[PDB]
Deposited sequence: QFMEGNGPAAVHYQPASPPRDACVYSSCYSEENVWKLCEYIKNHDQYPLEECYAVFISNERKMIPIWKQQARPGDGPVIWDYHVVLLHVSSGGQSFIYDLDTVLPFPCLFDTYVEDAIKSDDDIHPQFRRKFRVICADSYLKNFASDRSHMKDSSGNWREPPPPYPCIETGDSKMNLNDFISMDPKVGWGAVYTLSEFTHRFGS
């Protein structure tokens, strides 16, 4: 037996339950935006403790395990995926992923261990990188006209969310600047898996 180091034991989720959250399949960038808006407008937690996390790589093909689109022990291969990260008062991080079969929310270490897994046995070009944007900066700067979800003739590949496109005074579309894992582009910080776990892990 071993005694571990506790606020995380009694952690109160920052979102409604999974089924009460604004959710559209294949718009995780918008699902997370809506979690940020909820936390902002409610009196439970400050946005300062929260981050939008874009997961992608240069080829825009990232394996993610424990995804509800593929129940089983195999991965979904996303072009990109977006989750919310909350750093609780004691220092324990929680991942909010409406698309995971893991708990909502999920302790950071379990999400990385079971959803992401080690980069080491994965062919390097499928490795996962993380763009971490303070949730306040995400609400201020994010814009999508959803043009990426329309085919050549302007038809929807997946049904759109049931509210108007998110836009700012600066942009109507900069989604590529968040999917990009190039530090020269967009807001926040771009981390390897190692840098991501070092920053937010216990």
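A.B. asks: Where does the model skip over parts of the deposited sequence?
C.D. replies: In the chain as deposited, only 6-7 carries no coordinates.
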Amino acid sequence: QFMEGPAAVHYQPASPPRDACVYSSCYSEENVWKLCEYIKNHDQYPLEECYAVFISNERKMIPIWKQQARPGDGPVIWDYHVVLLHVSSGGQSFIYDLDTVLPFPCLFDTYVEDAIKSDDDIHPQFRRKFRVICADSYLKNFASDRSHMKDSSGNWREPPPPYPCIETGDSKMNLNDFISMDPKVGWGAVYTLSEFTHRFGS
From here on, numbers count along this sequence of modelled residues.
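A.B. asks: If you average the CA temperature factors over each stretch, which comes out higher, 92-100 or 117-125?
C.D. replies: Comparing 92-100 with 117-125, the higher average CA B-factor belongs to 117-125.
A.B. asks: Compare the mean C-alpha B-factor of 158-166 with that of 52-60 as given in the PDB entry, and name the stretch with the higher value.
C.D. replies: For C-alpha atoms only, the mean B-factor is higher in 158-166.
A.B. asks: Quick one: which of 35, 26, 47, 133 shows the highest Cα temperature factor in the PDB entry?
C.D. replies: Of the options given, 47 has the highest CA B-factor in the PDB entry.
A.B. asks: Can you work out whether the C-alpha temperature factor of residue 1 puts it in the lowest, middle or highest third of the chain?
C.D. replies: For residue 1, the deposited C-alpha B-factor lands in the middle third.
A.B. asks: C-alpha B factor of residue 31, ranked within the chain: lowest, middle or highest third?
C.D. replies: For residue 31, the deposited C-alpha B-factor lands in the lowest third.
A.B. asks: Using only modelled residues of the chain, where does the Cα B factor of residue 193 rank: lowest third, middle third or highest third?
C.D. replies: Tercile = lowest for this residue's CA B-factor.
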